[PDB]
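**Q** Handing you this structure, nothing more for now.
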Amino acid sequence: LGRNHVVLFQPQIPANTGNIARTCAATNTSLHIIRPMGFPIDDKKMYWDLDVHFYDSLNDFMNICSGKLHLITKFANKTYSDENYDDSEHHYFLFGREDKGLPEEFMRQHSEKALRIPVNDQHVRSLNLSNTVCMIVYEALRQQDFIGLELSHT
Amino acid sequence: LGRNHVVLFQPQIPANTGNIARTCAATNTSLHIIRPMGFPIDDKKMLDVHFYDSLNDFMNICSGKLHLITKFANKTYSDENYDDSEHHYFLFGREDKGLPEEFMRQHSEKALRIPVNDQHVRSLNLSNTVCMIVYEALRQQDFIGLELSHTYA
């Protein structure tokens, strides 16, 4: 049964990853992480540890990914909200590192899958990563009539 | 000329306010803050920004459509229509306490929620909520506010 998935490539900032986990828990979104993370996992610093999967590499995730993949990038020639999420597919939303983005070779192979969040680049060139995850996940939900919210048990 | 505005009621967490400022700068969104903030402004720790002594002072100066972002509104943020030429003000409560009790009741017809499944968490992070609410307005407005930096200035 089709659902939404967030895929973080080598997440570098702890606070962004904790906010993403919270958005995933709130939305019944699965979380996928490509190792290595840029930070140590500190038990004490931290409670609902949601559907989480780890992968050694992008290639590793790609052998196991089944459905529609969307690359979130700065320079895609398509806007996030113009993609159609209103189907029964699994949707995977892949986000680059805060500092480096996604590998440029991967972006090239998959360029037709890339979507951007438009910004005016006058003062800042980018939005905070966890902010982008939340809005991308909720745009998919919006088009899906928020049905993922109702389907925790299933 | 119609613009989007973010209004923060007594924001309490510095990292939230710094992220909101970034979103505002990226989107040509004006930022309004009801004093007092829960944290000191530290210049070494480091945009159209306005400050207000109180919700009342903001309400005397507010002109356009006001939307209260709350947990329990009987309307979904994305079902409000933002596709007009009005100023849209999006008012967000404190991270810890939300919006005042009496204000919410007085303005309950203006309230919108972001639906969540409350099984594991009851809320989303404040700055995440600002960013999505602003971009939902932009989406309905065909992203036009991105193009009007100089005109708004």
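By order in the structure tokens, chains are A, B, ...; within a chain, residues start at 1; ligands start at 1, following the order shown.
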Sort by chain and increasing residue number a table of all residues of chain B within 12 Å of chain A, each with its closest pair of atoms and their distance in Å to one decimal, counting only C-alpha atoms, and write it as CSV.
**A**
```
residue,atom,partner,partner_atom,distance
B:15,CA,A:15,CA,9.6
B:16,CA,A:131,CA,10.4
B:18,CA,A:128,CA,10.0
B:19,CA,A:128,CA,6.7
B:20,CA,A:128,CA,9.3
B:21,CA,A:127,CA,10.2
B:22,CA,A:127,CA,6.8
B:23,CA,A:127,CA,6.1
B:24,CA,A:127,CA,9.6
B:25,CA,A:123,CA,6.1
B:26,CA,A:120,CA,5.3
B:27,CA,A:119,CA,5.9
B:28,CA,A:120,CA,7.4
B:29,CA,A:120,CA,10.6
B:47,CA,A:123,CA,8.4
B:48,CA,A:123,CA,11.9
B:76,CA,A:142,CA,9.8
B:77,CA,A:142,CA,9.9
B:78,CA,A:142,CA,7.3
B:79,CA,A:142,CA,9.5
B:114,CA,A:138,CA,8.9
B:115,CA,A:146,CA,7.9
B:116,CA,A:26,CA,5.3
B:117,CA,A:149,CA,5.3
B:118,CA,A:26,CA,6.4
B:119,CA,A:26,CA,7.6
B:120,CA,A:25,CA,6.1
B:121,CA,A:26,CA,5.8
B:122,CA,A:26,CA,7.4
B:123,CA,A:26,CA,7.2
B:124,CA,A:23,CA,6.1
B:125,CA,A:19,CA,6.7
B:126,CA,A:131,CA,9.6
B:127,CA,A:131,CA,6.9
B:128,CA,A:131,CA,4.5
B:129,CA,A:134,CA,7.8
B:130,CA,A:131,CA,8.5
B:131,CA,A:131,CA,6.0
B:132,CA,A:135,CA,4.6
B:133,CA,A:135,CA,8.3
B:134,CA,A:135,CA,9.6
B:135,CA,A:135,CA,7.6
B:136,CA,A:139,CA,8.1
B:137,CA,A:139,CA,11.9
B:138,CA,A:118,CA,9.7
B:139,CA,A:81,CA,7.3
B:140,CA,A:81,CA,10.0
B:142,CA,A:81,CA,10.3
B:143,CA,A:118,CA,7.8
B:144,CA,A:120,CA,10.5
B:145,CA,A:120,CA,8.9
B:146,CA,A:120,CA,5.2
B:147,CA,A:120,CA,7.2
B:148,CA,A:120,CA,9.2
B:149,CA,A:120,CA,8.2
B:150,CA,A:122,CA,10.6
```
**Q** Can you list, as a ChimeraX atom specification, all residues belonging to chain B that DSSP tags as strand (DSSP E)?
**A** /B:4-9,30-34,49-52,65-69,88-92,111-112
**Q** Just write the chosen residues, N, CA and C atoms, as a PDB file, in the first residue's frame.
**A**
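What landed in part-v2.pdb:
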```pdb
ATOM      1  N   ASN B   4       2.323  38.541   1.870  1.00  0.00           N
ATOM      2  CA  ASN B   4       2.188  37.636   3.006  1.00  0.00           C
ATOM      3  C   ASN B   4       3.015  38.094   4.195  1.00  0.00           C
ATOM      4  N   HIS B   5       2.500  37.848   5.387  1.00  0.00           N
ATOM      5  CA  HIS B   5       3.113  38.326   6.628  1.00  0.00           C
ATOM      6  C   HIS B   5       3.097  37.174   7.615  1.00  0.00           C
ATOM      7  N   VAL B   6       4.172  37.003   8.366  1.00  0.00           N
ATOM      8  CA  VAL B   6       4.241  36.018   9.477  1.00  0.00           C
ATOM      9  C   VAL B   6       4.199  36.826  10.776  1.00  0.00           C
ATOM     10  N   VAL B   7       3.327  36.443  11.704  1.00  0.00           N
ATOM     11  CA  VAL B   7       3.270  37.133  12.995  1.00  0.00           C
ATOM     12  C   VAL B   7       3.571  36.128  14.103  1.00  0.00           C
ATOM     13  N   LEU B   8       4.631  36.373  14.881  1.00  0.00           N
ATOM     14  CA  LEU B   8       4.993  35.452  15.954  1.00  0.00           C
ATOM     15  C   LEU B   8       4.614  36.045  17.276  1.00  0.00           C
ATOM     16  N   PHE B   9       3.798  35.318  18.015  1.00  0.00           N
ATOM     17  CA  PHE B   9       3.411  35.769  19.353  1.00  0.00           C
ATOM     18  C   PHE B   9       4.411  35.272  20.401  1.00  0.00           C
ATOM     19  N   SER B  30       6.967  39.471   5.073  1.00  0.00           N
ATOM     20  CA  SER B  30       7.275  40.392   6.184  1.00  0.00           C
ATOM     21  C   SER B  30       7.150  39.656   7.503  1.00  0.00           C
ATOM     22  N   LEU B  31       7.947  40.045   8.489  1.00  0.00           N
ATOM     23  CA  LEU B  31       7.942  39.393   9.775  1.00  0.00           C
ATOM     24  C   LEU B  31       7.531  40.371  10.899  1.00  0.00           C
ATOM     25  N   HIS B  32       6.606  39.916  11.737  1.00  0.00           N
ATOM     26  CA  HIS B  32       6.027  40.745  12.817  1.00  0.00           C
ATOM     27  C   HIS B  32       6.135  39.959  14.107  1.00  0.00           C
ATOM     28  N   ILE B  33       6.586  40.621  15.166  1.00  0.00           N
ATOM     29  CA  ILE B  33       6.871  39.950  16.420  1.00  0.00           C
ATOM     30  C   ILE B  33       6.181  40.693  17.562  1.00  0.00           C
ATOM     31  N   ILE B  34       5.371  39.966  18.310  1.00  0.00           N
ATOM     32  CA  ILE B  34       4.737  40.516  19.523  1.00  0.00           C
ATOM     33  C   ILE B  34       5.649  40.288  20.722  1.00  0.00           C
ATOM     34  N   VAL B  49      11.071  43.712   9.145  1.00  0.00           N
ATOM     35  CA  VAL B  49      10.671  43.232  10.476  1.00  0.00           C
ATOM     36  C   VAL B  49      10.030  44.312  11.328  1.00  0.00           C
ATOM     37  N   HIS B  50       8.971  43.958  12.047  1.00  0.00           N
ATOM     38  CA  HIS B  50       8.201  44.913  12.848  1.00  0.00           C
ATOM     39  C   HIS B  50       7.982  44.335  14.236  1.00  0.00           C
ATOM     40  N   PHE B  51       8.043  45.158  15.273  1.00  0.00           N
ATOM     41  CA  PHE B  51       7.806  44.702  16.628  1.00  0.00           C
ATOM     42  C   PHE B  51       6.584  45.393  17.218  1.00  0.00           C
ATOM     43  N   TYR B  52       5.892  44.725  18.136  1.00  0.00           N
ATOM     44  CA  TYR B  52       4.643  45.209  18.755  1.00  0.00           C
ATOM     45  C   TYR B  52       4.680  44.909  20.245  1.00  0.00           C
ATOM     46  N   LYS B  65      -6.353  40.168   5.680  1.00  0.00           N
ATOM     47  CA  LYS B  65      -6.941  38.930   6.208  1.00  0.00           C
ATOM     48  C   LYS B  65      -6.042  38.321   7.264  1.00  0.00           C
ATOM     49  N   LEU B  66      -6.608  38.027   8.421  1.00  0.00           N
ATOM     50  CA  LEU B  66      -5.819  37.405   9.476  1.00  0.00           C
ATOM     51  C   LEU B  66      -6.149  35.905   9.577  1.00  0.00           C
ATOM     52  N   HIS B  67      -5.127  35.074   9.714  1.00  0.00           N
ATOM     53  CA  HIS B  67      -5.305  33.605   9.898  1.00  0.00           C
ATOM     54  C   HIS B  67      -4.573  33.144  11.155  1.00  0.00           C
ATOM     55  N   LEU B  68      -5.274  32.476  12.057  1.00  0.00           N
ATOM     56  CA  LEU B  68      -4.661  32.034  13.290  1.00  0.00           C
ATOM     57  C   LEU B  68      -4.269  30.589  13.063  1.00  0.00           C
ATOM     58  N   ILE B  69      -3.012  30.252  13.273  1.00  0.00           N
ATOM     59  CA  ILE B  69      -2.603  28.870  13.103  1.00  0.00           C
ATOM     60  C   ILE B  69      -2.680  28.157  14.439  1.00  0.00           C
ATOM     61  N   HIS B  88      -2.182  38.862   3.630  1.00  0.00           N
ATOM     62  CA  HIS B  88      -2.514  37.712   4.458  1.00  0.00           C
ATOM     63  C   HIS B  88      -1.561  37.663   5.636  1.00  0.00           C
ATOM     64  N   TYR B  89      -2.107  37.731   6.855  1.00  0.00           N
ATOM     65  CA  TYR B  89      -1.298  37.627   8.058  1.00  0.00           C
ATOM     66  C   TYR B  89      -1.505  36.275   8.721  1.00  0.00           C
ATOM     67  N   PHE B  90      -0.413  35.557   8.959  1.00  0.00           N
ATOM     68  CA  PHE B  90      -0.436  34.241   9.576  1.00  0.00           C
ATOM     69  C   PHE B  90       0.156  34.360  10.993  1.00  0.00           C
ATOM     70  N   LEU B  91      -0.705  34.205  11.992  1.00  0.00           N
ATOM     71  CA  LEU B  91      -0.339  34.413  13.414  1.00  0.00           C
ATOM     72  C   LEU B  91      -0.120  33.039  14.082  1.00  0.00           C
ATOM     73  N   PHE B  92       1.051  32.866  14.692  1.00  0.00           N
ATOM     74  CA  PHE B  92       1.500  31.630  15.355  1.00  0.00           C
ATOM     75  C   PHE B  92       1.744  31.861  16.815  1.00  0.00           C
ATOM     76  N   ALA B 111      -9.295  30.679  12.466  1.00  0.00           N
ATOM     77  CA  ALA B 111      -8.267  29.708  12.847  1.00  0.00           C
ATOM     78  C   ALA B 111      -8.186  28.590  11.821  1.00  0.00           C
ATOM     79  N   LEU B 112      -6.979  28.129  11.559  1.00  0.00           N
ATOM     80  CA  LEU B 112      -6.724  27.036  10.622  1.00  0.00           C
ATOM     81  C   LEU B 112      -5.751  26.086  11.286  1.00  0.00           C
TER      82      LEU B 112
END
```
**Q** I'd like the interatomic distance between atom CA of residue A:96 and atom CA of residue A:73, to a tenth of an Å.
**A**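 Taking atom CA of residue A:96 and atom CA of residue A:73, their separation equals 7.6 Å.
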**Q** Can you measure atom CA of residue B:85 to atom CA of residue B:153 for me? One decimal in Å is fine.
**A** 17.0 Å
**Q** Skipping near chain neighbours, those fewer than 2 positions away, what residues fall within 6 Å of residue B:35 using only C-alpha atoms, listed as a tab-separated table (two decimals) with N, CA, C and O atoms, in the first residue's frame?
**A**
```
chain	number	residue	atom	x	y	z
B	10	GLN	N	5.15	36.20	21.02
B	10	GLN	CA	6.16	35.92	22.06
B	10	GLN	C	7.03	34.69	21.77
B	10	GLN	O	7.04	33.76	22.56
B	37	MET	N	9.85	38.59	23.45
B	37	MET	CA	10.44	37.33	23.06
B	37	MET	C	10.99	36.59	24.30
B	37	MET	O	11.31	37.21	25.32
B	52	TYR	N	5.89	44.73	18.14
B	52	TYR	CA	4.64	45.21	18.76
B	52	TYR	C	4.68	44.91	20.24
B	52	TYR	O	5.15	43.80	20.64
B	53	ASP	N	4.18	45.92	21.06
B	53	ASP	CA	4.06	45.73	22.50
B	53	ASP	C	3.08	44.61	22.88
B	53	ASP	O	3.16	44.06	23.98
```
**Q** From chain B, collect each residue whose DSSP state is alpha helix (DSSP H) and return the set as number ranges by chain.
**A** B: 14-27, 55-61, 101-106, 126-140, 149-152
**Q** Would you output that residue set with C-alpha atoms, as a compact mmCIF listing (two decimals), in the first residue's frame?
**A**
```
# COMPACT_ATOMS: atom_id res chain seq x y z
CA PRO B 14 16.07 31.37 19.23
CA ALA B 15 16.72 28.65 16.60
CA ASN B 16 13.01 28.75 15.56
CA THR B 17 13.09 32.53 15.10
CA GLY B 18 16.35 32.35 13.11
CA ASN B 19 14.88 29.78 10.77
CA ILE B 20 11.69 31.84 10.37
CA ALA B 21 13.76 34.91 9.49
CA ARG B 22 15.49 32.83 6.80
CA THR B 23 12.20 31.61 5.36
CA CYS B 24 10.88 35.19 5.34
CA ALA B 25 13.99 36.47 3.53
CA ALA B 26 13.67 33.64 0.95
CA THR B 27 10.01 34.36 0.30
CA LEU B 55 -1.48 41.58 20.19
CA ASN B 56 -3.75 44.59 20.63
CA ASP B 57 -1.16 46.98 19.16
CA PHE B 58 -0.61 44.61 16.23
CA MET B 59 -4.42 44.41 15.70
CA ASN B 60 -4.71 48.27 15.54
CA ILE B 61 -2.11 48.31 12.79
CA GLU B 101 -7.19 31.71 25.41
CA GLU B 102 -9.53 34.73 24.92
CA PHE B 103 -7.96 35.90 21.66
CA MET B 104 -8.47 32.49 20.09
CA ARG B 105 -12.16 32.46 21.06
CA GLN B 106 -12.65 36.00 19.83
CA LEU B 126 7.12 26.01 14.88
CA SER B 127 9.56 27.03 12.19
CA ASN B 128 8.55 24.00 10.08
CA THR B 129 4.91 25.15 10.41
CA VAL B 130 5.75 28.71 9.31
CA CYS B 131 7.60 27.55 6.25
CA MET B 132 4.81 25.25 5.04
CA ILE B 133 2.01 27.79 5.76
CA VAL B 134 3.89 30.52 3.85
CA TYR B 135 4.55 28.16 0.89
CA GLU B 136 0.94 26.99 0.78
CA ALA B 137 -0.10 30.67 0.42
CA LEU B 138 2.61 31.11 -2.28
CA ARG B 139 1.46 28.02 -4.05
CA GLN B 140 -2.11 29.31 -4.33
CA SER B 149 11.15 42.19 -4.04
CA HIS B 150 11.72 45.70 -5.44
CA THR B 151 8.00 46.47 -5.78
CA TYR B 152 7.28 45.57 -2.11
```
**Q** Just want the 10 Å neighbourhood of stretch 109-112 of chain A, counted on only C-alpha atoms, with same-chain residues fewer than 5 positions away dropped. Output as a ChimeraX atom specification.
**A** /A:69-71,73,75-78,104
